[PDB]
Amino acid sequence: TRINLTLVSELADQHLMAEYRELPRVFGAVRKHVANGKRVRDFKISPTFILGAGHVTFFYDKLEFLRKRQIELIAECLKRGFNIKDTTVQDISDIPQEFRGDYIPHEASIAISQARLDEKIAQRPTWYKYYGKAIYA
């Protein structure tokens, strides 16, 4: 389960599909927490973007950022011809406003996210694809 901060249109086919199906898991995790009376203050939430421990929790108070990114992930999936079923983001207006903040990453955060993507591609450079082509080979 990984949220990327990079340009959705730059994502490799396999990374695009992954984030498309994984990002909505955060809405569910938070809703279940609100169900148990949890509040934003009851979570760690790193002050800066991180991968590894704290990664998913980092977005628990940034659902508006996620909602907007899922709209782009969806549009990109359709642009490339993916036969996805869920073409809309779930409504999140039922979730407390406090969990729905926007977010503007700094260049370093965006670069840390990109480095992870690049590290994964370097492991199978002839296999990842972009619009169906092995452009990383």
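We number the residues from 1 along the sequence you see.
When the C-alpha B-factors of 101 to 109 and 54 to 62 are averaged, 101 to 109 comes out higher. Looking at mean Cα B-factors across 33 to 41 and 73 to 81, the upper value is held by 33 to 41. Per the deposited record, the Cα B-factor of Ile95 falls in the highest third when ranked against the other modelled residues of its chain. In the deposited entry, the Cα temperature factor of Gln14 sits in the bottom third of values across the chain's modelled residues. The deposited CA B-factor of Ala137 belongs to the highest third of values across its chain.
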